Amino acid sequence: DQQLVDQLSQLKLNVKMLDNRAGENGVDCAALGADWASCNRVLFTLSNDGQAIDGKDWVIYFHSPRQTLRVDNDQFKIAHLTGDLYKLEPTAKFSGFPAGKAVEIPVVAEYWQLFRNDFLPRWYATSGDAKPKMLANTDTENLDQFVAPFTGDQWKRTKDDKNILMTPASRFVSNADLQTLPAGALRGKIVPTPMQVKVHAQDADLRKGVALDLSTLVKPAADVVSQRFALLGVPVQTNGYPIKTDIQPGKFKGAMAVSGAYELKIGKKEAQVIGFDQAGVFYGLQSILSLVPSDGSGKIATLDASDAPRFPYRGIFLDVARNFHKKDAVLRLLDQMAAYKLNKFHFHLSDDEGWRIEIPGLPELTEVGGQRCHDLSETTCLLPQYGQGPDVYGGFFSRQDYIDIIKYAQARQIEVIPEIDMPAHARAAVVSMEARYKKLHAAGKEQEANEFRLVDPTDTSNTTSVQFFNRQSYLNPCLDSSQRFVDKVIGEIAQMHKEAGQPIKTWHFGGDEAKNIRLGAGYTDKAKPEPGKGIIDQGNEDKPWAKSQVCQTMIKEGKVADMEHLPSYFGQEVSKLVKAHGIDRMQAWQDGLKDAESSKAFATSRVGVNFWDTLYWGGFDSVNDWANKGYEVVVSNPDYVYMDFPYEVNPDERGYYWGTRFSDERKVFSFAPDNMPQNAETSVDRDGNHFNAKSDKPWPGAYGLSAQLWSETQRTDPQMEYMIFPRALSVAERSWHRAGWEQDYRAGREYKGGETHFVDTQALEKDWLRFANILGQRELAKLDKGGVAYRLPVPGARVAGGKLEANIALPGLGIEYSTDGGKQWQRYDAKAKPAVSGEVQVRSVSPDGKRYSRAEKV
C-alpha cells in the first residue's frame, strides 16, 4: 500500500564496488552467463532510520547498464524487466528491513563498472495500489550522495590494464611538455588552421568598431555575423574598420574550388573577404572573428590567407533520444559549430528510448514515444530508462520547433541530417505504433490500426538487443505497413525541411546493431560450453525476425537470401523511398549495409557510411573496403571521436568507455583520419597497450569526419555541453585542416606503437602546444560568452623544493590552490610559486571567473 512505499522511500542507498575483476578472484562468471566470463561484485546497502519495514508486497525498481547475474542475500531477488530496468524483490525468506539497521545486498553483475557514472540515480519503490516514490537520497545528479569512492586498483579492467590513473601528480607529468606561450606567438593564428597564411607585422584596430559589407550574404546569415562581432565586443558602426566581402567563383581552381573556400586579406585600414560562395564569405568572416582577442585589446594581426576545407563533411552528431536536450542547447551547439566551421549536424531523433519529432498524422510517436513513465502497459508512456525517476520524463520538438532549428542551422551554413534509426534501435516507434494499433482496434477501425503497424503478430522471435531490449526493439522490415510508416515519416520530415528553406539532402537510415547479442562470440551454449565464455542456453536464441511468418514468405519467394541479409535489404528498400521523395543521398552506420554488394545497390546516386569500427581492432584496414565499394566514408571511430567517452582515466569522470578508456582534447587533435594506420604510433588501445597497424589496400581517401555525442548518461543539457566542449574544437581543427604531421597513406606501411618512428611526433607536439594555448588564452573565454558549460580540466600539480608547481592541459587557464581543505582558495602564479606544506588541493577556473573544475588533492 502507500504506507509501505512511503517507508521504502526513506531507505538510504549506498553503492560500493567490491571487485571489478571477480572472475580473476574465484567467481565463476562463465557459469553465471557472463559475456567472456567477465563479472564484477557490487554491494548494495539499504539503511533504515525509521521503524521496521515488514511488508512483502513491494518491488524496488532500479537502472543499470549492466545485467545482474547473482544476488548473494537470499532474502532478495533481482529480475530484468527490459532495457536498463531491473527489479529488486523480497523472496519468501525476507524477514524485513529492521529498525535503525542496514541490510546488505551483494550482487554479481556482467562485465566491469570502472567509472562511478556507471551507477544510475533514482531508484524507486512500488507496492500494489500506490503511486511510485523514489528513494530520496538517490534523487540527484551528484553520485557522491549514494555511490562510494573507488579505491585502490578498482579502476582497472583486468590485472594487466596499462592505462594510467590520473591524479594531480600523474596529470602533472602528462602535461609537463606544455608551457604557456607568450601572446606574440599566438598573433595571426586562426583555427581551424587556414590552408595558407602570411602574417605581417602591423595590427588592425577594431576598437571603435567595424563597418561590415554583408551584401553578399542572405540576411539571416549576415545577422549571425553581426551578432557575433557584438558578442566578442566589437560594436558595429559605419565609421569603423571596413570589412568588405565579395563572391568570385572564378578565382578558385581545382580543389580549392569548393564550397566554403575563401581569400582573406586583413590590412591596417580595411579588410576584404572573397569567397567561392556564401559559405566561403561566412567562413572568412568567422576567421576574422577567431582572431579577436579575449583581452579587450581589439587588435588583430594583419595577414593574407587563402583557405578551403579538407573535407566537405565536418560533422557533429547529437542523440536527443536517450535523454532529451532542449531547443536552446541545440541552438548553442549550432552557434559554436558555425564559429569553428563545422557544417553537418547529424540529428538522432529516435531510438529505443524516445521519439523526438512531431509527425503530422502519427500522434502516438510523440504522445507515447516522447515520454517515459512507470506504465507497465506502455499505453501512455515508454518504460523508464536512464535514471530519470518514475514520473513523466520526456520532450520532443514540435513541427515548428524543428523548422526553427533548421532555419537556425541554414543561416549558419549547417546542413541538418535527420536520422530515424532502423531496423533495430526502433522501440519507441514500435511501441508507439502498438499503442496506435490498440486504440484504433478498440474503435473497430481495423484497417487504420494496421496501416502503420510495425509488428508481425505471429513473430515470437527470442532476440536480445545490445541494450537488452527484446524483439520490440526491432521494426519488422518485411511488412508492407513498415514501408508505409517509413514513407510517411520521410514525407513529413521532408516537408518541414522544404518549409524551413533547406530541403533534405541526406536521409540517415541508421542501421546499427541489428543482431541478437546472445549469438555473439563471448557466449557459449550450455551443452558444449567452450571455456572462458558466458554459458547460456543458445538453442532457443533466434536471429531477429527468424520467427516472423511475413519474413519467412519473403525468403521463400526469393526476395532476400536469409534472415541475416534483412537489414541491408531494408536499407536498399528505404533508399528507394528516399529517392522517391527527391533526396539523392542516404547515409547509414556501416554495419547495416554490410551485405549490400556496393553503393550501386542503392537508388540514391550517393551513399555515405558512418564508419564506427575501432581502429586498434582492425578498422585501419576494414575502412578501405567501404571507400573502394563506392561509399563516401564518414570517419566516426569510437576510439577517437565518440564524445560520450571520458576525457581522462579517473573514476569520477563522466562517460561510457567501451571503445577506449579516454579521449581528451589532445588525443582528438592527434587523430589522423585520412591515414588510419599512423595512429598506431600516436595512441594506445582501450587497455593502454601499443598496437600495430597496416593496410595493403588502396585508399582513395575519406569524405568526412564526424564526432558523436551519445546520450545515455548525459541526462541534462550542461552534462551534454561538458562532454562535447571543449574537445569538439579539436574535431573542428582536424576536420578542416590537414596538418604536416599527417602523412600520406602508403599501402604496406606498417606502423608499430613504441617501435616505429615514421610520424613526426615533434611537429605534432608543437602543433598541439600552440592549439592548447589558443584554447586556454583566447577561445575558452568565447565559449563562456556563448553560455556553454564546457569541461574545465583539473590541474596537474606536484610539491617540489618546498613549493607548489601546477600546470594544465590548456595553457592559459587560471589555477587555484587551497591549503586548508578547500575552504579558502588562492590564485596560483607560476612566476611566484607558493610555499606549501601538508595537504594541497588544486582546481581550475574559467576565464570569466564564474566556474571551477572539480577540486583534487595533490
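Heads up: residue numbers just count along the shown sequence, starting at 1.
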The stretch carrying the higher mean Cα B factor in the deposited entry, 612 to 620 or 579 to 587, is 612 to 620
Per the PDB record, is the mean Cα temperature factor higher over 57 to 65 or over 811 to 819? 811 to 819
Have a look at 803, 41, 791, 70 and flag the one whose Cα has the highest B-factor in the entry. 803
Would you mind checking which of 773, 127, 286, 432 has the top Cα temperature factor in the PDB entry? 127
Quick one: classify residue 18 as lowest, middle or highest third of the chain based on its Cα B-factor. middle
Would you please rank residue 149 by its C-alpha temperature factor against the other modelled residues of its chain and give the third it falls in: lowest, middle or highest? middle
According to the PDB entry, is the CA B factor of residue 677 in the bottom, middle or top third of its chain, that is, lowest, middle or highest? middle
Ranked C-alpha temperature factor of residue 327 among modelled chain residues, by third: middle
Going by the entry, which third of its chain does the Cα temperature factor of residue 437 land in? middle
